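Going down the list, the protein sequences come from chains A and B. Numbered according to the entry's author numbering, the first sequence spans residues -2 to 324. Numbered according to the entry's author numbering, the second sequence spans residues 0 to 324.
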Amino acid sequence: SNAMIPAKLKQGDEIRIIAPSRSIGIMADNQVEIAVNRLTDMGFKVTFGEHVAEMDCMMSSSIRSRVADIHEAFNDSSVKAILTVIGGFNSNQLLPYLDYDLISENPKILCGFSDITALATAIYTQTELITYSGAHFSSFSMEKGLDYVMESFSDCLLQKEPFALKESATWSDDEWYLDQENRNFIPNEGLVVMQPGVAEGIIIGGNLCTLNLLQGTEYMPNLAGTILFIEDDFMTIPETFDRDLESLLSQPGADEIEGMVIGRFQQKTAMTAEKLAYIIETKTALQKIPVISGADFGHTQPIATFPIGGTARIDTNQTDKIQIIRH
Amino acid sequence: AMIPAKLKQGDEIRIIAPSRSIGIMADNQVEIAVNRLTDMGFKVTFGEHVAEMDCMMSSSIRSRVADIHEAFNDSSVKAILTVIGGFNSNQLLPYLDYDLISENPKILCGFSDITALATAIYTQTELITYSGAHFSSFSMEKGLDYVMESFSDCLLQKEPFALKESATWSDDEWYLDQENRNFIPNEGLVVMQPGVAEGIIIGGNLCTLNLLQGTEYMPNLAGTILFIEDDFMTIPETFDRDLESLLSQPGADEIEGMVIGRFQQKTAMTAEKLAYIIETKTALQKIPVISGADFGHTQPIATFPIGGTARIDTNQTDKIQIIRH
C-alpha cells in the first residue's frame, strides 16, 4: 500500500513524551513517575519535550511551543516513538503550523487519543504516515486494570502480525486519576451487533466531536472505504452524539463507508440501546453496513490501541468480530 | 440576495417544529404565546406534525420536511416561526426543495439549533433568514418587552436600527417558573478589540454552525460580521476549539468583525480566558471584536438577519447597527 507503517518498538528504544493538548502540569508528580516506571519496565527509555511542563490559563501551552516539541521529536532520529501526555481540547490549533515535509521524512510511531484525534489524523492525511489512537503517556499511570491496555499497546506497536481487537473481561467507567483504590469493575457483556455484515476498510476514527473539527479543512480524511471507529465522552448526550454523527456522515465519501465500530459510552451519557438503534437507523450512510457497539476504546477503561490509516475487517458472525490487519 | 417582505397587521404566521416537538412546551404557554402574536395582529397556524414526539423529543425527518414545504408552498403564509430549538434540524438539510423555497421568499425566524436550517436556506437560495425569537419566546410572561422591540425592529419594518444593550438581563428557566426571575443590571457591551467594520452577518449558534462545515451548506466567510453564541453545555475550551475550527473554514482570512453573545453562567466564561481565546485566533487579528451582546441562551434576545448586514463602530455609543434586513 501507500500508507507508511512506522517501525515497530523494540527494547532500548527511546520514547518521547510531548504535551500537544494539556500541559503535564495537570498530572500529579507521582502519577508521572508511575507512567515512567511502567514504560521503562516495558523496555523503553522515556524522555520529555522541552515545553511539556509549561502551563497557561487554559491549562495548555502556546502554539509556538507545542509545534517546537513536535518538530524536535520527529527530527531526533533516536526517538522511535512519540506519546502524548494527555488529551485536552486544543491540539487542532497546531494543524496549520506543522512541517509535514519534516514529518513525512521521519516516519515514527505517534500515539494518543481523544483530542489527539485531530493531530494524528491531520498527520495521516497530510503525510500518509499511519498514526495511532491508543494510550497516552498518562494512560500508563492508572494503577488497576492496566493489563488490557498494555497487551493491546503491544499487539499494535511491538509486533507486526494482524491481531484481534478482543473484548475485555471487565470494564469500568471511573475517574481513576482522582481515586485509584476504589474502582468499579463491571463484567463485560460484549460487542453488540447493531447491524450484521462483513466488511473491510481503512480505519478512521477516535473522538467523534474532535474529528468533526477537521471538517471543511485540508486535514479531513475522505470517508469512502473506511471502517469508522468512533467514540465520545461524558460531555456528549445522545442527541449531540446524533448531530455530530449526522454531520460526520455528510462529509465527502460518507456514502461509501464500509462499516462502523463504536466505543462504549461513559455512563453519564445514558445511551440506551433503543436510542443508539434509532440514531443508527435514521442515518442514510449506515444502511446495510455492519455496525458494532460496546468496543473497548473511548473514554471508559480499558482502551485498545488501533492504527489511523491501518486496516480492519469486521465480521459479525465470527467470535472475534474485529480484526486489525495493517497496523 | 432576496428579502422577505415584512409582517403587516393581519398576516398569517406558520409555526413549525424542525427540532423538538411542541410537546415539550407547557400547553398553557402555547396559549400565552398564541395570544401575543394575535394582539400583534397576526393570524397563527400550526404545521400538522408539530405535536409528534419521538424518543429524541423530536419527530421524523419526513414530518418536519413536509411542514416546511407546506409553509413555503402556502402563499398566504407570510412568516414562519420555529416552535423551539433542539439538536437535529441538521438532519433535514438534504431533503429540502430549495427551488420551492427560492420561489416563496418569506420570513423564517428561530435561534439556537435553528441556525442550521436558516443558514442552509440562505446559502442555497440567497433568501435572508433570521436568528431571533422562537414561537415559544412569546410565552415568556415577564421581561418580554425588548424581545418585542427587537423582533419588531427587524421583522415589522424596513428601516435600519441599532442593538440596544438591554436594561436588565437574566439566565433563568422561565418556562418552569415564570414569576420568580432574577433580573440584572447589564454592564453592557465589552470591547475585546477596537475598530470599525461593515459586512454580511453570519450565523447564530457556534457549535451548530460547526455542523455545516465540509458541506455545501457552509456559507463562505469572506467579508463577514460573525455574531456568535453558545449555550451552557459549552465551556471556554470547547468554545475555543469550535471557534478555532470555524476560523479555518473557507474565507475566514477575510472576516471583517465579530460580535459575541452573553454566555450562560454555568459556562463560566471569564474576561481573561475570553481574551486569551481571542488573542490566539489568527483570523481575528486587527479587526473589531465585542463581547456581551444580547442573544444566545440568555434573555432577552434580539433578532438579527443571517445574510443581512451590520456596521460595528467601537468608537460610538451604539456600536452595533443593523442596516439591511
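Ideal placement from N, C-alpha and C gives every residue a C-beta, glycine not left out.
Measuring only between beta-carbons, confirm whether residue i sits less than 8 Å from chain B.
i        : result
A:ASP229 : no
A:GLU271 : yes
A:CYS54  : yes
A:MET217 : yes
A:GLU148 : no
A:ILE2   : no
A:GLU236 : yes
Given this structure, state the Cα-to-Cα distance separating residue i from residue j, to the nearest angstrom.
i        : j        : result
A:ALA292 : A:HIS133 : 18 Å
A:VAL64  : A:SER58  : 10 Å
A:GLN90  : A:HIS296 : 22 Å
B:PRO17  : A:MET56  : 39 Å
A:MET24  : B:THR308 : 47 Å
B:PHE238 : A:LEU210 : 12 Å
B:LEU126 : B:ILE100 : 8 Å
A:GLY142 : A:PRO235 : 28 Å
B:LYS272 : A:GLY131 : 30 Å
A:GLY260 : A:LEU188 : 9 Å
A:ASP176 : A:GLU140 : 10 Å
A:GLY202 : B:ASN181 : 44 Å
B:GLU197 : A:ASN87  : 31 Å
B:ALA282 : B:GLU215 : 22 Å
A:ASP38  : A:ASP144 : 14 Å
A:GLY46  : A:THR266 : 35 Å
A:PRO104 : A:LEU116 : 15 Å
For residue i, name the three-state secondary structure that DSSP assigns.
i                      : result
B:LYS265               : helix
A:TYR216               : coil
B:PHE137               : helix
A:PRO249               : coil
residue 329 of chain B : The structure shown does not extend to residue 329 of chain B, since chain B spans only 0 to 324, so no value can be given for it.
A:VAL146               : helix
B:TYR174               : coil
B:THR233               : coil
A:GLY22                : helix
B:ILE289               : strand
A:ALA132               : coil
A:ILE127               : coil
B:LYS272               : helix
A:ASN87                : coil
A:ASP96                : coil
B:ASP73                : coil
B:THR308               : strand
Residues of chain E with CB closer than 8 Å to the CB of residue i, please, in chain order.
i        : result
B:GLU243 : No chain E appears in this structure, whose protein chains are A and B.
Could you tell me whether the Cβ of residue i comes closer than 8 Å to any Cβ of chain A?
i        : result
B:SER247 : yes
B:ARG240 : yes
B:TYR275 : yes
B:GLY203 : no
B:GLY213 : yes
B:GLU51  : no
B:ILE12  : no
B:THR122 : no
B:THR279 : yes
B:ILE60  : yes
Can you name, in chain order, every residue of its own chain whose Cβ lies under 8 Å from the Cβ of residue i, other than the five neighbours on each side?
i        : result
B:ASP317 : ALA161, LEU162 and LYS163
A:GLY22  : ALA50, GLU51, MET52 and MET56
B:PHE303 : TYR129, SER130, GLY131, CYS153, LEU162, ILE200, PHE226, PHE294, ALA309, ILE321 and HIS324
B:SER244 : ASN209 and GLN212
Just to confirm my understanding: we take residue i, look at its own chain, exclude 5 residues before and 5 after, and list those with CB closer than 7 Å. What are they?
i                      : result
residue 354 of chain B : What the structure shows of chain B is the stretch from 0 to 324, and residue 354 of chain B is not part of that stretch, so it cannot be assessed.
residue 328 of chain B : As displayed, chain B neither begins before 0 nor continues past 324, which places residue 328 of chain B out of reach and without an answer.
B:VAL190               : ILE289 and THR313
A:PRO193               : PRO287 and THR313
B:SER149               : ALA301 and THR302
Leaving aside the five residues before and after residue i along the sequence, list all residues of the same chain whose C-beta is less than 6 Å from its C-beta, in chain order.
i        : result
B:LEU95  : none
A:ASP152 : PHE160
B:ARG13  : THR44, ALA70, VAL76 and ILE79
B:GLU253 : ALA221 and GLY222
B:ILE106 : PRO3, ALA78 and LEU154
A:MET257 : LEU225 and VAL288
A:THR122 : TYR216 and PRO218
My understanding is that residue i touches residue j, with C-beta atoms under 8 Å, so please give their C-beta distance in whole angstroms.
i        : j        : result
B:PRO299 : B:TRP168 : 7 Å
B:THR279 : B:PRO218 : Contact flag wrong, Cβ pair sits at about 24 Å.
A:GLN28  : A:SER138 : 4 Å
B:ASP66  : B:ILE15  : 5 Å
With hydrogens ignored, establish whether the beta-carbon of residue i is closer than 7 Å to any heavy atom of the ligand GTP.
i        : result
B:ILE200 : Inclusion of the ligand GTP in the displayed structure is not the case, the ligand content being empty and no account of it being possible.
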